[PDB]
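K.L.:
Experimental coordinates follow, after the sequence.
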Amino acid sequence: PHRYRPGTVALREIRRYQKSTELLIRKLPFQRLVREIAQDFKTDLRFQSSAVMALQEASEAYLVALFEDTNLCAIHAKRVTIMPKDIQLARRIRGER
Amino acid sequence: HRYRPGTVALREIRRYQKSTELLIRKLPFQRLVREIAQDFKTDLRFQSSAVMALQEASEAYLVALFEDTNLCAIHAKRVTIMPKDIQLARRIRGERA
Amino acid sequence: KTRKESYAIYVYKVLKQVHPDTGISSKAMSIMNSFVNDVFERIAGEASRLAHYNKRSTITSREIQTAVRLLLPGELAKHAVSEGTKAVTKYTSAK
Amino acid sequence: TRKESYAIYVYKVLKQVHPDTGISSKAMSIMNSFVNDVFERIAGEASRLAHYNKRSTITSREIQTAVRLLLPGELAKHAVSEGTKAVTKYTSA
Amino acid sequence: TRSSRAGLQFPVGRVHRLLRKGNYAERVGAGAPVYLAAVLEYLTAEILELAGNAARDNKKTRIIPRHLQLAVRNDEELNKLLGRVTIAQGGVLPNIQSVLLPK
Amino acid sequence: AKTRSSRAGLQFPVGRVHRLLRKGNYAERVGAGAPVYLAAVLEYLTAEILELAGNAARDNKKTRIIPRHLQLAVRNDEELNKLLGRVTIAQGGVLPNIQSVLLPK
Amino acid sequence: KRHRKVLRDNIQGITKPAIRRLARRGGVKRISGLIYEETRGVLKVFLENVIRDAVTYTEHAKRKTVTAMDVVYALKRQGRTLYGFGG
Amino acid sequence: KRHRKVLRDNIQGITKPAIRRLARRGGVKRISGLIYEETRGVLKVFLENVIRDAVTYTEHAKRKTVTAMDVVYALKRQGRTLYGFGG
DNA sequence: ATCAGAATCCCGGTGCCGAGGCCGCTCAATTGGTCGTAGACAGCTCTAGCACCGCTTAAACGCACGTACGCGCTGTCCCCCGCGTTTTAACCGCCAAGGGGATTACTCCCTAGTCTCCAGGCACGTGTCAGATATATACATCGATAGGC
DNA sequence: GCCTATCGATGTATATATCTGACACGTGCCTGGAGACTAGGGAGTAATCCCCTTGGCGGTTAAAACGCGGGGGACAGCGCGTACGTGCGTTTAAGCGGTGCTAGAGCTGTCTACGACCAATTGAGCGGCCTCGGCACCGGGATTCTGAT
């Protein structure tokens, strides 16, 4: 049986996604999630096709720049695993609450 | 008598957070403010309020750095902040890239 | 000489309505003078972009109401609409 | 209907610099957003400077003291040079 | 005077002059600065209501710049509005984290 | 000539910028020297970015400029990274970046 | 199998390998397991702060359609300016 | 003792117990020793970014005196708005 | 839980100077009439949005194995804290200007303003090659047990 | 007990080959930039004004500086053991296209009410003056911790 060492598929995975430039989250579950958040504020809201897309790019790059800034805290604890105390640190330093 | 290490600093933190005045010495600060004016335009004058306002935006930036730094050096299972902690806490805020 | 304008009497009138037995230092009086001009530049600075996005050229009472609900957080915006709309409604009925 | 853009003016600069290089529409719509985004950064800053100094006008000097505020060290020192080359050739014309 | 015809304290005309001379629009409607003075008035009446409570919390009758720092930072909805503003002669809030206290 | 962009020796418009200063409610009296200055500073910034994009666009061997090239140029240059500090570019990816701790030895 | 379907909560639409693909772009080699309950709480509290601004621009303009620049002019309020989507 | 004085670098004017008093306000119990060489480098790189804006406001207004609002209008450029100093 | 010890905490007496009124006074708010533009409103095309199905095909789902992390433990070194005491520069107070901020009044050029005009710059069609996609093809790296040190 | 080894095993890179899509390019055309002119006021300039910033000295006084001793913490190494990654087969809904209508955006066209504009008038709101009491203030006695037993 062939099986890589655990911790080597992720290294080839990182060097694939930093070369690609497409959207990782799919367009349909993100479309249905946006509609349920607006329903608490206003009923009967249509959406343009670009406003689902243009919400998505500013939702992904907020996560990747968060996942860039919760990675360094895990290296700061001499770790690799980004345990969820790192994110609630990494939003505190950027002032987001 | 000889106090233990720790209850003297914890009387300072109960004293300085109650107080509200300037903790950096005035004349060494205004010799600092004047000496970085020469790198941009020589022969400048300063009002006595303008190196008072420049202290309260210098004091309230180090305090809001050390409060962010102490939450980092807590997180790495330590109690002592370090120069490696500051360069992390400046990296996440977007000031130092 | 130089006659500067301020918000000195207007804050001290308001403080006496909600606290009669209360003074205020001049050092704090310079804060609320600088607090209001920070807020009023932030609201009207947002009201300029609202009328410009819809290609209009008039700040009416509506754009402030859609600038107050933008800047202010969740709880404070529900009050300043209610305080704001009552003020115009007493102003429109009066002469 | 009629929509004002910058797509021709980014293109002529592109043939001025990289004379064999095309540009996609998605890349062209970034610069058309980017050119407009430097505008309200500069003109929003130059408007704040003339109101602060009790003036009521925006000359070519207020742009020069708004460019040095925004752009960094190596970028602003060339923009003021290329700006002053443009105004002097206009006032000579 | 429009400050009393709407039943307010802040000057309507001084705000209304600051919306025309300030170049925030070409035209300024008459409904705008009467609405604007009340928004400023409630927000000023919000700050001093929590500032003056800090005066009785420390048994003083005048408001120093410490008590404004105590009101804005303790409040949760006023702190999101002024999250980046620093206040001169304010200090910080008294907080000690849990691992720093002696066992 | 007649056009002001030739009379300033530029390519960006001037009359369009001069209208887009006046109707934007910035100040009462826009001076006639400022759109000559403003169109130059807009040109040099576009001449900075489009030159840096096609450098990296040549390295992936493509004639056209794609938004991946525009993200790759303005994040590489430190003097452009300080200007576009909090701007998200659509279709950007990231800079290739792995830290030295996660690598095997 | 069918008597009633699951109809899950629409926040689990941002699926577990989808979040994992985001951390791989963000330069993370090894991810925890409790983070998948956390980062849905981050994105729900983030899209709340944008769409609240996106409605109030559209509610003022007397429309029913949150267009492209009712998001871009909402993002510029938060300081995270987007490019590429026109204007 | 006198033949020539030390005339130290004016960045050591922000003295070692002064920095220590700042960390005590910031809720730090125990401080390192190598931090005193670090935090002078932070304050020197911070006052450079404010005074560069403070000069350019004054250089435009044809003055020689960096007043109070050539600092407050320089700090508002950086987003760290100051109060209390008038206007 | 006890003991004595330094270090806040309060109570009170003092007093000083900043806030609180007071008054005069002027720029500016108000009242008023005039006025033309923006904007409200109504009516009108029609492009793009929403809802379902139909269908292929991929990613998501789940399960087991295990292994490399996370994790807590001990021990050890030292780099810090804390006090004690010289030492020095800061704070305060003052002398001593004089540059420059900020005031005035005046002059004029430059901008806004309307007018007339005329192509630069638009939308839209239209070929066409530049990348999309691929399969092949070679060449890498990757563990794995193999060999010999 | 270790470095090398050498495998095929999966994985990317590179190869040409073929082709679809948007990319430029041409056209007609219309809105908006340019030429032209003239009136006004903002900005320039000069001049005079008096604050207020810079200077250093004297003295003082508490912070800063220097050193030491010790102990708490950073530090690394160890052994645990679970919660991870990995891979497989299985199931599922995202993708895609495709129907279906119609709201709703965007458009023109009216039309009138609103706010700019201007002049006339006076008092709210400024600076300056003035006085009194809130809080700094210390000293003592009272307390609450602290370390040591």
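P.N.:
Thanks, I have the structure now. Numbers count the residues shown, from 1 in each chain, chains lettered A, B, ... in the order given.

K.L.:
got the contact list for residue G:3?
P.N.:
For residue G:3, the contact set (Cβ atoms under 8 Å, 6 or more residues apart in numbering or on different chains) is empty. Heads up, the C-betas are built off the backbone N, CA and C, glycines and all.

K.L.:
Helix, strand or coil: sort out it for me.
P.N.:
When classified by DSSP: H, G, I helix; E, B strand; the rest coil, residue G:3 comes out as coil.

K.L.:
what about the helices in the chain?
P.N.:
Chain wasn't specified; assuming chain A. Remark: helices assigned in chain A by DSSP state H are A:9-17, A:27-38, A:49-69, A:71-76, A:85-93.

K.L.:
My question was about chain E, not that one.
P.N.:
With helices called from DSSP H, chain E shows them at E:2-5, E:12-20, E:31-57, E:65-74, E:77-81.

K.L.:
For DNA strand I, find the nearest of the ones you listed.
P.N.:
helix E:12-20 (2.8 Å; Cβ to the nearest atom of the strand).

K.L.:
For whichever strand or helix holds residue C:52, name the packing helices and strands.
P.N.:
Assigned by DSSP states H and E, residue C:52 belongs to helix C:26-53. Helices and strands touching helix C:26-53, by 3 or more Cβ pairs under 8 Å, 6 or more residues apart in numbering or on different chains; DSSP states H and E, are helix C:8-18, strand C:58-59, helix C:61-71, helix E:12-20, helix E:31-57, helix E:65-74, helix G:39-60, helix G:69-75.

K.L.:
Give me the contacts around the second one.
P.N.:
Read that as strand C:58-59. Residues from elsewhere that reach strand C:58-59, judged by Cβ under 8 Å, 6+ apart: C:44, C:47-48, C:51, E:19, E:24-29, E:32.

K.L.:
Equivalent analysis for the fourth one, please.
P.N.:
Residues outside helix E:12-20 that contact it (Cβ under 8 Å, 6+ apart) are C:5, C:40, C:44, C:59, E:1-3, E:6, E:25, E:28, E:30, E:32-34, E:36-37, E:40.

K.L.:
And those, which of them are buried?
P.N.:
The neighbour-count test (16 or more other Cβ atoms under 10 Å in any protein chain shown) marks C:40, C:44, C:59, E:2-3, E:6, E:25, E:28, E:32-34, E:36-37, E:40 as buried among those.

K.L.:
do stretch G:50-67 and chain E meet?
P.N.:
No: judged by Cβ under 8 Å from any Cβ of the partner chain, stretch G:50-67 and chain E are separated, with a smallest distance of 12.9 Å.

K.L.:
Which residue is it, in chain A, that comes closest to chain B?
P.N.:
Nearest residue of chain A to chain B: residue A:93, at 4.3 Å (Cβ to the nearest Cβ).

K.L.:
any idea how far residue B:67 is from the residue lying closest to that residue once chain neighbours are set aside?
P.N.:
Once flanking residues are discounted, residue A:93 sits nearest to residue B:92: 4.3 Å by Cβ to Cβ, 6 or more residues apart in numbering or on different chains. Look at residue B:92 and residue B:67: by Cβ to Cβ, to the nearest Å, they are 14 Å apart.

K.L.:
do residue G:7 as well
P.N.:
45 Å.

K.L.:
residues in contact with the residue in chain E positioned nearest to chain H?
P.N.:
At 3.7 Å from chain H, residue E:88 is the closest residue in chain E, using Cβ to the nearest Cβ. By Cβ under 8 Å, 6+ apart, the residues touching residue E:88 are B:53, B:56, C:31, E:65, H:82-85.

K.L.:
which residues touch the residue most central in space within chain C?
P.N.:
Note on chain C: the residue nearest the mean C-alpha position is residue C:40, at 5.7 Å, using Cα atoms, centre = their mean. For residue C:40, the contact set (Cβ under 8 Å, 6+ apart) comprises E:15, E:18, E:36, E:40.

K.L.:
Output these as a markdown table; include the columns distance to residue A:9.
P.N.:
Shown next, in a markdown table, are those (distance: Cβ to Cβ, whole Å):
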| residue | distance to residue A:9 |
| --- | --- |
| E:15 | 64 |
| E:18 | 63 |
| E:36 | 60 |
| E:40 | 59 |
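
K.L.:
farthest-separated two in the residues you listed?
P.N.:
The largest separation in the contacts of residue C:40, counting by Cβ to Cβ, is between E:18 and E:40 at 11.2 Å.

K.L.:
can you pull the contacts of residue G:43?
P.N.:
When contacts are counted by Cβ under 8 Å, 6+ apart, residue G:43 touches A:59, A:63, G:11, G:14.

K.L.:
change it to 7 Å
P.N.:
Listed by Cβ atoms under 7 Å, 6 or more residues apart in numbering or on different chains, the contact partners of residue G:43 are A:59, A:63, G:14.

K.L.:
Which one of the buried ones among the contacts of helix E:12-20 is nearest to residue A:1?
P.N.:
The nearest member of these to residue A:1, counting by Cβ to Cβ, is residue C:44 at 70.1 Å.

K.L.:
Surely that closest one and residue E:25 touch.
P.N.:
No: distance between residue C:44 and residue E:25: 8.8 Å, which falls outside the contact criterion (Cβ atoms under 7 Å).

K.L.:
what does chain G put close to chain C?
P.N.:
G:53, G:56, G:59-61, G:73, G:77 (Cβ under 7 Å from any Cβ of the partner chain).

K.L.:
Select from those the one having the most neighbours.
P.N.:
residue G:56 (23 neighbours; other Cβ atoms under 10 Å in any protein chain shown).

K.L.:
Relative to residue C:88, how far out is it?
P.N.:
As judged by Cβ to Cβ, residue G:56 and residue C:88 stand 19 Å apart.

K.L.:
burial of residue G:33, as a residue count?
P.N.:
By other Cβ under 10 Å, 10 other residues sit near residue G:33.

K.L.:
How about the residue nearest the centre of chain A, nearest residue that isn't a chain neighbour?
P.N.:
By Cα atoms, centre = their mean, chain A has its centre lying nearest to residue A:63, at 3.6 Å. Counting by Cβ to Cβ, 6+ apart, the nearest residue to residue A:63 once its immediate chain neighbours are dropped is residue G:22, at 5.2 Å.

K.L.:
what about that neighbour, which helix or strand?
P.N.:
Take DSSP H and E as the rule and residue G:22 turns out to sit in helix G:16-25.

K.L.:
ok and that helix relative to helix G:39-60, angle-wise?
P.N.:
Angle of helix G:16-25 versus helix G:39-60, following axes from the mean of the first three to the mean of the last three Cα atoms, to 10 degrees, is 90 degrees.

K.L.:
which parts of helix G:16-25 are buried?
P.N.:
G:18-25.

K.L.:
Let me know the closest of these to residue B:79.
P.N.:
Relative to residue B:79, the closest of the buried residues of helix G:16-25 is residue G:23; by Cβ to Cβ it sits at 30.2 Å.

K.L.:
what residues are up against the residue of chain E found nearest DNA strand J?
P.N.:
Nearest residue of chain E to DNA strand J, counting by Cβ to the nearest atom of the strand: residue E:29, 3.0 Å away. For residue E:29, the contact set (Cβ under 7 Å, 6+ apart) comprises C:58-61.

K.L.:
Distance of whichever residue of chain A sits closest to chain E relative to residue C:46?
P.N.:
Nearest residue of chain A to chain E (Cβ to the nearest Cβ) works out as residue A:95 at 6.5 Å. Distance, residue A:95 to residue C:46, using Cβ to Cβ: 21 Å.

K.L.:
if you count what's nearby, which of those two comes out ahead?
P.N.:
residue C:46 (18 against 11).

K.L.:
list the contacts for the residue in chain E positioned nearest to chain C?
P.N.:
Ranking the residues of chain E by distance to chain C (Cβ to the nearest Cβ) places residue E:31 first, at 3.3 Å. By Cβ under 7 Å, 6+ apart, residue E:31 lies in contact with C:60-61, C:88.
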